[PDB]
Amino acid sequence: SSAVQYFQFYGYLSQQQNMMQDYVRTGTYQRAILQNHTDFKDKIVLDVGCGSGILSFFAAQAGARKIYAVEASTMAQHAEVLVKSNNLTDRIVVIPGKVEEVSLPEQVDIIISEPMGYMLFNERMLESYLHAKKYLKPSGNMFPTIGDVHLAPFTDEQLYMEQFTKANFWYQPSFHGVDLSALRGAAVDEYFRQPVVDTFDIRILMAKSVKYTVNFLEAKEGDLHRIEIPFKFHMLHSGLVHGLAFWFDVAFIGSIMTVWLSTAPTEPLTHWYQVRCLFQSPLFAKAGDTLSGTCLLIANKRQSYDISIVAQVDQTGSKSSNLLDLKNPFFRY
């Protein structure tokens, strides 16, 4: 139902084009595959959620002997057209359906995919990627191999105030004669439930990031149903902490070289941008204080996660929580 919409979203060539036009994304995948040609020459490769098939062609440019491209949306029909018109019907085989349901005729030497949603984990496609390892030969590789999530406290008073400014629409005792003000708190709540997807100046960050690593070769599908990310930040600056910023890097660890794709705010912008989660109430922290807590991600049935963030300044005991709905963010860009 929710999944109906998820796969229809990816049936649009315009959504494929948005990702293809991300040059950092598309070019880094090309370079990771090509410059690791020994991982692909004459190999059998599985492309999980191939969309238009761009990754499958990159594996063919690298010399792969057979490429199974699995795609569940109507986009599979468009990739088929592309395979024929590029004369690769020998080397690339499009398989319509979910990776969890299709039948592959052999095991593969390497799995390739672009399974990262914003904040990495949205869409829960990492689980389909991990599930595909049931087709991975022993000692096969995964491209990408590693994913690092980073989180860091930020201060951004204008972003925080923007929330009450939008919800104060409801604080009118006479909107065309109607008292709206009893909904103001519900409206505040609704805005704070949304992660804020856009980029930002790195001068809002107040501590070195915490890194949480998922190893795609080692992880199991079940390991992503619940992601506990403890953190303890040593605050490099004093200020009001308004929430946590998130970005992610992935690594393609090939035989020839390791290529990184970063969505860090210190790196060229990508179509993933970065993600920020506001706290209920900001926390005052001195430089030298430690800010500790947990960011808990609980998979849900809308192909996404409920996000629970609890934090406290250890030196004073002031704490804040928040609960966010990652499926429904504010695309502030």
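By rigid core we mean the largest C-alpha set that fits within 1.5 Å across both forms. The numbering used is simple: start at 1 and walk along the sequence shown.
Taking 172-180 and 245-253 in turn, the stretch whose Cα atoms are more displaced from the shown form in 8 other deposited structures of this protein following rigid core superposition is 172-180. In summary, of the stretches 186-194 and 120-128, 186-194 shows the greater Cα distance from the shown form in 8 other deposited structures of this protein, with structures fitted on the rigid core. Mean CA B-factor, 169-177 versus 103-111: the higher value falls on 103-111. When the two stretches 90-98 and 237-245 are set side by side, the higher mean Cα temperature factor goes to 90-98. Taking only the listed residues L224, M161, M116, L183, the entry reports the highest CA temperature factor at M161.
Highest CA B-factor among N36, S308, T270, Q303, as stated in the entry: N36. Ranked against the other modelled residues of its chain, the C-alpha B-factor of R31 as given in the entry falls in the middle third. In this PDB entry, the Cα temperature factor of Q194 sits in the bottom third of its chain's modelled residues, the lowest group.
Compared with the other modelled residues of the chain, the Cα B-factor recorded for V188 ranks in the lowest third. The deposited CA B-factor of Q274 belongs to the lowest third of values across its chain. When the modelled residues of the chain are ordered by their C-alpha B factor, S139 lands in the highest third.
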